Amino acid sequence: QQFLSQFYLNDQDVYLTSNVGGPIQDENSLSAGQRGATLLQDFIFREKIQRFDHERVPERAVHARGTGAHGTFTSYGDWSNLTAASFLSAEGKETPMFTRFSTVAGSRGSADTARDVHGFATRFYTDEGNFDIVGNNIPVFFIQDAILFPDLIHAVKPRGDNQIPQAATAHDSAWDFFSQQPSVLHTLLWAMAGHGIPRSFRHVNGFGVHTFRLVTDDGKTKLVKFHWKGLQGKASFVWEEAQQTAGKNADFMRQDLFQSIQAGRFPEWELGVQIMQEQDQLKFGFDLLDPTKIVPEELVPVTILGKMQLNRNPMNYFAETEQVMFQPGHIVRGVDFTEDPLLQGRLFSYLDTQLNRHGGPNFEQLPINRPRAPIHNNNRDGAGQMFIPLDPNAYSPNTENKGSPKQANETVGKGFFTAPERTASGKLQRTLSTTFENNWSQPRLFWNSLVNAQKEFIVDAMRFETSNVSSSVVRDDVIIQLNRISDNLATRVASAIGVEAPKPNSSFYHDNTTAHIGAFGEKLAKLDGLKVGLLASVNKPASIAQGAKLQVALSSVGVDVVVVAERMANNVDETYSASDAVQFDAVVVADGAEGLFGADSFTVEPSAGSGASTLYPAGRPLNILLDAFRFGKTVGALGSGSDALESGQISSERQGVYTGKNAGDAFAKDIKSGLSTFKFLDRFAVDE
Amino acid sequence: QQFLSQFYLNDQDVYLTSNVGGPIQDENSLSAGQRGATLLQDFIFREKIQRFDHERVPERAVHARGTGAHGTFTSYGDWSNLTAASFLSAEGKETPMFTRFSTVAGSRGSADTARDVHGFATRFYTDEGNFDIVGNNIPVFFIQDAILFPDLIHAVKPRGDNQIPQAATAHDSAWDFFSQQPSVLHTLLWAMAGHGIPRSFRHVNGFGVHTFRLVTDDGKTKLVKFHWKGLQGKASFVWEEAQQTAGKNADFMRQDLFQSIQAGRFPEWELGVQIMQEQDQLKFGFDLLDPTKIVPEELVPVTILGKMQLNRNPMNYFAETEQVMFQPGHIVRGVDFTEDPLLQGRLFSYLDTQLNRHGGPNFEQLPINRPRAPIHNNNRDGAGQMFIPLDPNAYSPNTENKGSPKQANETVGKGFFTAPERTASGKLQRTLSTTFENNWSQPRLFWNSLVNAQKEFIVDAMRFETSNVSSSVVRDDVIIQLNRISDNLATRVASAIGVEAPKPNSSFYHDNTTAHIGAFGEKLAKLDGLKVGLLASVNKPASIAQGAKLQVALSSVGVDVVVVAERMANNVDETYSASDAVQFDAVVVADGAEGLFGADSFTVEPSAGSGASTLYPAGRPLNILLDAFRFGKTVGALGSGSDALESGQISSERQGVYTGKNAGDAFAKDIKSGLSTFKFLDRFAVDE
Amino acid sequence: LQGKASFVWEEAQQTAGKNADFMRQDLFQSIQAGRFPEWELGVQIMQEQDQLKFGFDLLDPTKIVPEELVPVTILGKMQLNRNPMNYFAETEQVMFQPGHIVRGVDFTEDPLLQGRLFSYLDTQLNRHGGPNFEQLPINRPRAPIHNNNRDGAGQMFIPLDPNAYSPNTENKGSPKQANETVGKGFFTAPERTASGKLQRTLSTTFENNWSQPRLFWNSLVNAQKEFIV
Ligand code: HDD
Ligand code: HDD
Ligand SMILES: *[C@@H]1O[C@H](CO[C@@H]2O[C@H](CO)[C@@H](O)[C@H](O)[C@H]2NC(C)=O)[C@@H](O)[C@H](O)[C@H]1NC(C)=O
Ligand SMILES: *[C@@H]1O[C@H](CO)[C@@H](O)[C@H](O)[C@H]1NC(C)=O
Ligand SMILES: *[C@@H]1O[C@H](CO)[C@@H](O)[C@H](O)[C@H]1NC(C)=O
Ligand SMILES: *[C@@H]1O[C@H](CO)[C@@H](O)[C@H](O)[C@H]1NC(C)=O
Ligand SMILES: *[C@@H]1O[C@H](CO)[C@@H](O)[C@H](O)[C@H]1NC(C)=O
Ligand SMILES: *[C@@H]1O[C@H](CO)[C@@H](O)[C@H](O)[C@H]1NC(C)=O
Ligand SMILES: *[C@@H]1O[C@H](CO)[C@@H](O)[C@H](O)[C@H]1NC(C)=O
Ligand SMILES: [Ca+2]
Ligand SMILES: [Ca+2]
Ligand SMILES: [Ca+2]
Ligand SMILES: [Ca+2]
Ligand SMILES: [Ca+2]
Ligand SMILES: [Ca+2]
Ligand SMILES: [Ca+2]
Ligand SMILES: [O]
Ligand SMILES: [O]
């Protein structure tokens, strides 16, 4: 924090000043008499309002909705026989980082829990330059050439005439594009499985997507896939829960991250690479240059390089998070590109687009973008030039500055260099590689590898989405494409949307799998930051007292208990009015609160004699319990709190429903078991 | 449409071209061989991606989230004895209009149904210049001096460190500001009543807020308040239903307006003025220069001037709606300003801020900002200069261009003029007028004038919001200020939030009222665009058939029937999966569908033997009915469909619950009666 | 078609002091007087196989092709005949690009040309302050525009197609792809190839920096040699 603290403005106990250090007041405009017109000579007014009028900058063209944190990387080894990268040069070597997570399609201010691909962008402030791995939470992307990006994004984003719908693929154009461009199918399945609706940014993995090169000082290369393996564990929602979260808390995932860091529950990921040889580009049966293809870990294991920990929130979101400007072109000696046509064109885009955002060329001079390494070059001027170059002779080769700055390359000065054995051959052409043409086998691989419930979640997502596609031509074209993945998938979706069941096409059908590829099916590794909503009553103080007791039994695993009651009495954390099932990973009815959960509570007429509360909507306590159950959450009840389960027609005989005598260790153990499972999949119907 | 049509690009059945008219292809980057690197000389790639990279412009600093429509104004009179404004010069005189509706705090992707003040910005493209009345759906504003705008907005918008929470006042800073700056209280009560959460942009009124001057050709003035009196009727949600809508359809109100216009259901408002004398500024017990004060209609009635109808959607949202740049400084001869310090400073802000949005000075040259009147002046150059001035001598006074362009003033050329009897007097000063100091009497007026349910809505909003305020000091400060409005209001709110019940402070208490000031309590004037969701089943074809029958009996009042079923069969409009109570103004169970509404349906275990549907979440049909009921909506059932009411513990004896033998006229009449009432207020508990 | 004419240095200096606008004024006045200056467009036509045969590299922008080796074939004539109405709007804002290319012309691997292509698209963002510089009157084409590019500050058009992507069915597959065989599309000369290791190097074919300067020097009348000295 040494570096960024030089730019901090501390406004504790100080007098107000203009931006040029003149002390001022700023609460009344200068007027001609008490009730007079405002004077033009009021510079205090105009400077204040001019700053205000110009606060905004263009949102990012994609990934506009996102959230950042500072952290650190630790290398596990001296990787010099693999890469010349300085940040990987020794066991225990540490490098600062900044990471931003995001959705893709929605604008600023859109819901965190929209269904989408998620950005997972990681900057290493290395001692040999900034290195960015600008990744996502899904290892494959929709399209195979960067020139198609505007097509994909215009189709996914809102209609051009009326700008509907926000942050959603559930409209004709998106599905038109997906069916017209079947390369999209692999990412589409990932996003419509649990990966499109994660519980938090701490409960996803990251991926660089593209094949990159690692290169040693002597020019030897390997091809790699970059991975960020999360140490908390994958966790995802079901769609109806993600929708409800969008309505109750648009900031749900950004808030989770912020709070977890404030609580000292620092999320971690291991940096890994699947290490391959130059000769492996086509040998696996798909092209390593094709960003729609994964390398299954059965074919190439993930070699772990080191660990990222996120551990400090920004001081000012705009200055740090909004203004961070990631680029795949932020590359360092020891890494190089490949001819993946999607990567190739990204390189252009991310340098250009910062001109839009920053409004000029000196965006690398913003504190969050600056390197932690010296800058010496002949670049000059531009709007917003914050440095003062001492060299008046800004050219090479010079004698007037004694030949400095000096050229750095592979042999001197630790320069960047292109892997020296890379070659080009062939006619200059605008063509789609024939090696890129199997759009369906890997989608099928993914589909085969999912637990039954998560197959169902894909079907139900596609049914929801395509039922909102007005065009019969598009609906039919979607089914025809899905059928090339799996006749089962296609048939199951078709039945909701008025499309004839398709005949099988066996061209790409196969039964191979890859392990643990879905969002569902594994227990969490860490329970840190999960929440238990304890539904209590101010009329039974002992019910509220159970919060602290339960908390003592859950603190050692980083789980918080939130006491919910009718009003803010002592030791109450939230009111029923302010609460919703989507706030809580588990919901527990406290002993003595059961009287709030009557089955008639949704519809009883709130006459003056009725006893109906004005402190919350009719039925709210029972709505929270029922929504928690239906969404698949851990549900519990203490003592006579179990009567509330009976009112809700929830049997403790069901999986993920727990009762206990009191809030001690025995019950906490069972709630921990529930939270580790995270979602109880037997509450979802599956096609037969 | 003739004017804007000159800028249309029709892309039906044509070849792709670059932006300089060279035919192109745009689907494959140019590569060095089939699997080669992308070439720099690929200008097609770069022009496409550069346009993409630079698509975004800064969102509006406030009112970022909004929706536009074209329309027309028709004057009802020759108003020349009141104002010289040309658009008001004759009975029948038509002027084109563009109107944008918005929230205030949220960024451009935030939910339509956030609770907020709403913008209501109307441009008249008059034959003597663009005239903009940049208003809101609430007649009073939070603050009394424009210099305070960054304070108000920084407090309401997300926290500076983490940018939480989106589009919400339910956080410490906002309530800190409201309690520290009690001028805020009038608008706060309006926004926490129904006016904060309207059903649609068609179901609100508009207000200019400030007092303005109307001025005749001979310099005579009146003071006025501008009104837009809606002809559909006020209609608003309850908080829980606004939240649910945010989660299910972030575009709900934008969609409503687009659809209503495409249906020919054109919304209308009458422009009106409260006409006052110069000598009335301090006569009524408050200052007409104070924008936190209404003029009750009992004191000065609204004189109706003419009518706005909105009747055409944009062709391209970005080009038209996103780029429209309103300004109160877009004033015409016949109107003038007052010394309201809020208005005074607005004039500076809206000219300045377009520089940010447009990135240069020529924003009035965008098609949507152009006038429909001649432009002739000596302004020159600037980035993005779209015109070519023929006069090379761009100064006055000139002889080299024969004294042209010629000065226009009161007596020649129909120039703008400041009302000539306006004066200034007094010492130059930065002070708050003593006439502005009663922050509490008018909030009490507003409070007194509400039906009991809407008082409860204000209480319940403030309890929800302030329960989210962490600071005890802030909570107490809020209660102190509320208590100066009404001890009842303050006491009712305090009891939810752990603040001691305040003792009365009666300085500003009174019993006066003003009529029909809330959002609740009157029947709707028109039912256009309201929706009845008919919950049917594909397994009972006759249930689906009731849709068309009911539709026939409701078409004449502009109400649509939407048939909901399990899957998209013939005559089904939506699936259950895709549906929610919040989509429908009334919900009706079709005869034959009752089997879907079992009371065990939320929690039944969906095993192979259970017959649980995979086509929708467990309990969805009953959830839609129960939500509709709890939210206050018209609910009904046809035939045996009434069994579903029983399952949901909904009695037909309750108000706004209707049973019918069949889908004929009698039942249609009951549904129209329910829609007219709109919300059944007896379903909400009230304090005692 | 007027003829080469030049100053001596001391005369050019004196002109800078007396009339900074001397050449701009000459052009403006000549056009106002109806004395329209003309140039003939010509090409030295060579074969693909001629890149190195002349003893210097055709990709090297420091080398001329002497007209003794390859004559100038005259294609047509330019006449300049109308001054701007507003200098800022027309002259200051004109934004030239070598990337403004049409079917029937293509690039070569001259490393100076290659990078120019990037620069002239980028730099207009600085000048115009946004992406829609081709919409300025002086930059607009006299030919239809139909594409899926959208938005950006200063968007002067209103696209009617709400489905701005390919491939689409929602707009019936339009705008349609144009290439060598359909729609008169631009196309890269199809026999061009690449070969070799990716590298940052100076071609050895570019290394004679002095023979052509000497050719030029030898070809001057004595006075003009003196003027160089
Ligand atoms: C050629 C266009 C293009 C293509 C094909 C991609 N992107 Fe992209 N992306 C951009 C063009 C772009 C951009 C327009 O340049 C953005 C918007 C803001 C920015 O700085 O770059 C960006 C932002 C952006 C961000 C947000 C960084 C942040 O948090 O500020 C992430 C995580 C990604 N992208 C990730 C990817 C992934 C993993 C891709 C495929 C493997 C991908 N993008 C393809
Ligand atoms: C001195 C600052 C200031 C103050 C006190 C206000 N405004 Fe404002 N307003 C702006 C500064 C501003 C702005 C920053 O200039 C905006 C942002 C975008 C724009 O064009 O103007 C704007 C936008 C804006 C819009 C959106 C117009 C559109 O749809 O594009 C509306 C409807 C209003 N304002 C309405 C009001 C009302 C009724 C006010 C009080 C009576 C008010 N504003 C006070
Ligand atoms: C409005 O404009 C006219 C401008 O008329 C000029 O006035 C001066 C003094 O009479 C005279 O020297 C010019 O020749 C006049 N005519 C023109 C075309 O310039 C003023 O005369 C009015 O007084 C102005 N003021 C008002 C209140 O309209
Ligand atoms: C690199 O390889 C050589 C030969 O295998 C070996 O001696 C050395 O230990 C390796 N270096 C590192 C840092 O592991
Ligand atoms: C690298 O640069 C050095 C120093 O400028 C230069 O002399 C050397 O020849 C270069 N080597 C390579 C690999 O180009
Ligand atoms: C699995 O993949 C291998 C790898 O190509 C392939 O040869 C084999 O046929 C596949 N087996 C199944 C069950 O699809
Ligand atoms: C305006 O006023 C005069 C006098 O009252 C009268 O002659 C005339 O009717 C009025 N004109 C209009 C436009 O109403
Ligand atoms: C209330 O209204 C009455 C009108 O009968 C008026 O005389 C009085 O001044 C008003 N009082 C307040 C406090 O607003
Ligand atoms: C040119 O495009 C046409 C029409 O899209 C396409 O069908 C044809 O195959 C293309 N030919 C070439 C040369 O790529
Ligand atoms: Ca290719
Ligand atoms: Ca159990
Ligand atoms: Ca004042
Ligand atoms: Ca619900
Ligand atoms: Ca009834
Ligand atoms: Ca700019
Ligand atoms: Ca070279
Ligand atoms: O992206
Ligand atoms: O505003």
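Residues numbered from 1 in each chain as written, not as in the entry; some residues may be left out. Chains lettered and ligands numbered in written order. Part of a larger assembly, values for the part shown. Heavy atoms only, no water.

- For this deposition, the record names X-ray crystallography as the technique by which the model was determined and cites 1.71 Å as its resolution.

## Looking at the relation of the copies chain A and chain B
Logical step 1: For the pair chain A and chain B, the superposition axis carries a translation of 0.0 Å, the fit reaches an RMSD of 0.1 Å, and the rotation angle comes to 180°. Accordingly, the operation relating the two chain copies is best matched by a two-fold axis.
Logical step 2: The residues that chain A uses at the interface reappear at the interface of chain B in 100% of cases, marking a shared surface. (Least-squares fit on C-alpha atoms. Contact = heavy atoms within 4.5 Å.)

## Notes on the packing of helix α3 (residues 149–156) of chain A against helix α4 (residues 172–180) of chain A
All names here are of chain A.
Logical step 1: Running from amino to carboxyl end, α3 crosses α4 at an angle of 145°, the nearest separation of the two axes being 7 Å. Where α3 abuts α4, its residues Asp151, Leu152, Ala155 and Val156 lie against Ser173, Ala174, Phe177 and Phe178.
Logical step 2: The residue inventory of the contact of α3 with α4, partitioned by class, reads six nonpolar, one polar and one charged. (Axes fitted to C-alpha atoms, helices over the stretch in contact; angles between N-to-C directions. Helix = DSSP H or I, 4+ residues; strand = E, 2+ residues; numbered from the N terminus. Nonpolar A, V, L, I, M, F, W, Y, C, P; charged D, E, K, R; others polar.)

## What to know about the interface of chain A and chain B
Logical step 1: Each partner contributes to the interface: chain A provides 141 residues, whereas chain B provides 142 residues.
Logical step 2: Across the chain A to chain B interface the summed buried area is about 12,100 Å²; carbon plus sulfur atoms make up 52%.
Logical step 3: Linking chain A with chain B are nine salt bridges.
Logical step 4: Across the pair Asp151 of chain A and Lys48 of chain B runs a salt bridge, and its minimum N-O distance is 2.8 Å.
Logical step 5: Split into classes, the residues belonging to the side of chain A that touches chain B amount to 53 nonpolar, 49 polar and 39 charged.
Logical step 6: One ladder, built from two bridges, connects strand β11 (residues 423–429) of chain A with strand β2 (residues 31–32) of chain B; its direction is antiparallel. Across the sheet, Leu428 of chain A pairs through a bridge with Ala32 of chain B, a residue of β2 of chain B. (Buried area = accessible area lost by both parts, 1.4 Å probe. Salt bridge = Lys/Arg side-chain N within 4 Å of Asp/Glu carboxyl O. Pairing = 2+ DSSP bridges.)

## Concerning the sheet that holds strand β14 (residues 574–575) of chain A
Residue and element names in this part refer to chain A.
Logical step 1: Taken together, the six strands give an open sheet; going across it, the order is β14-β13-β12-β15-β16-β17, and neighbouring strands pair in parallel fashion. A strand with exactly one partner marks an edge of an open sheet, and here the two such strands are β14 and β17 (657–660).
Logical step 2: Alignment of strand β12 (residues 531–535) against strand β13 (residues 560–565), held across five bridges, turns out to be parallel. Looking at the pairing, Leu534 lines up with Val563 of β13.

## Here's the deal with the site of ligand 4
Residues and elements named next belong to chain A.
Logical step 1: Close to ligand 4 lie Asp78, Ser80 and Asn81, which account for all nearby residues.
Logical step 2: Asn81 is positioned such that a nitrogen or oxygen atom in its side chain is 2.4 Å from an oxygen atom of ligand 4.
Logical step 3: In isolation ligand 4 exposes 360 Å². Once the protein is present, 28% of that is buried. (Near = heavy atom within 4 Å. Polar contact = N/O pair within 3.5 Å; in protein donor to acceptor, adjacent residues only side chain to side chain. Areas by Shrake-Rupley, 256 points an atom, 1.4 Å probe, with all protein chains shown as cover.)

## So, the domain arrangement of chain A
All names here are of chain A.
Logical step 1: Domain boundaries assigned for chain A yield domain 1 (1–428), domain 2 (429–526) and domain 3 (527–688).
Logical step 2: Residue-level contacts link 45 residues of domain 1 with 43 residues of domain 2.
Logical step 3: Counting the surface lost from both domain 1 and domain 2, the interface buries some 3,800 Å², and carbon and sulfur atoms represent 62% of this.
Logical step 4: When the area that domain 1 buries against domain 2 is broken down by residue, the three leading residues are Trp175, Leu189 and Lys234, summing to 18%.
Logical step 5: Applying the counting criterion to the domain 1 and domain 2 interface returns 20 residue pairs in polar contact. (Domains from an automatic or database assignment.)

## Digging into the interface of chain B and chain C
Logical step 1: With 58 residues of chain B at the interface, the matching set in chain C holds 65 residues.
Logical step 2: Summed over both sides, the interface of chain B with chain C buries roughly 5,800 Å², with 59% coming from carbon and sulfur.
Logical step 3: On inspection of chain B and its partner chain C, the count reaches one salt bridge.
Logical step 4: Where chain B touches chain C, the interface holds 29 residue pairs in polar contact.
Logical step 5: Those elements giving two or more residues to the side of chain B that touches chain C turn out to be β1 (8–9), α2 (43–53) and α8 (317–322) of chain B.
Logical step 6: It is α2 of chain B that contributes the most residues to the side of chain B that touches chain C, seven residues altogether.
Logical step 7: As paired elements, β1 of chain B and strand β3 (residues 158–159) of chain C share two bridges and run parallel to each other. Directly across from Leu9 of chain B, in β3 of chain C, lies its bridge partner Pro159 of chain C.

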